[PDB]
């Protein structure tokens, strides 16, 4: 009833490779809020702006007990390099096989170049402490976005 998206049960048990070398799963985040933001490519202008915006708000997300995860299909090494250069203090998921992306339906198609072209669409989601996807943002406008996500989280957490 409060969910805006339904994920396959197996999604919650997928091993998610993180920057820094560990793995997590969505089920492992039970009991707290989780922000999951998908972005198309490490170390590009919009993706860097977005990451830095979430990073600046980390104390506010902490106040609410929430954790953040950024997601792209870049490698663990790429993610480590991106985190170190930018000073990110939250983890990035290396979704190399796009399993997490597909679960959240963020791989979108565009008819371009006389081809059917698939790519990550910038998207963010709020996962409740009980594992429900309760809010979504798709075709994300980076400017103002992290602020909007924080505000929505606060409104939901009540």
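Residue numbers count along the first chain shown, from 1. Between two forms, the rigid core is defined as the largest C-alpha subset superposing within 1.5 Å.
Rigid core fits of the other structures in 7 other deposited structures of this protein place the C-alpha atoms of one stretch farther away on average; of 23-31 and 113-121, that stretch is 113-121.
Once the structures in 7 other deposited structures of this protein are superposed via the core, the pair 89-97 and 40-48 is resolved in favour of 40-48 as the more displaced stretch (C-alpha RMS).
The deposited model assigns a higher average Cα B-factor to 59-67 than to the other stretch when 95-103 and 59-67 are compared. Looking only at 136, 149, 18, 143, the residue with the top Cα B factor in the deposited structure is 143.
Compared with the other modelled residues of the chain, the Cα B-factor recorded for residue 116 ranks in the middle third. For residue 127, the recorded CA temperature factor ranks within the middle third of the chain's modelled residues. Compared with the other modelled residues of the chain, the Cα B-factor recorded for residue 41 ranks in the middle third.
Annotation for residue 27: C-alpha temperature factor in the lowest third relative to the rest of the modelled chain, per the entry.
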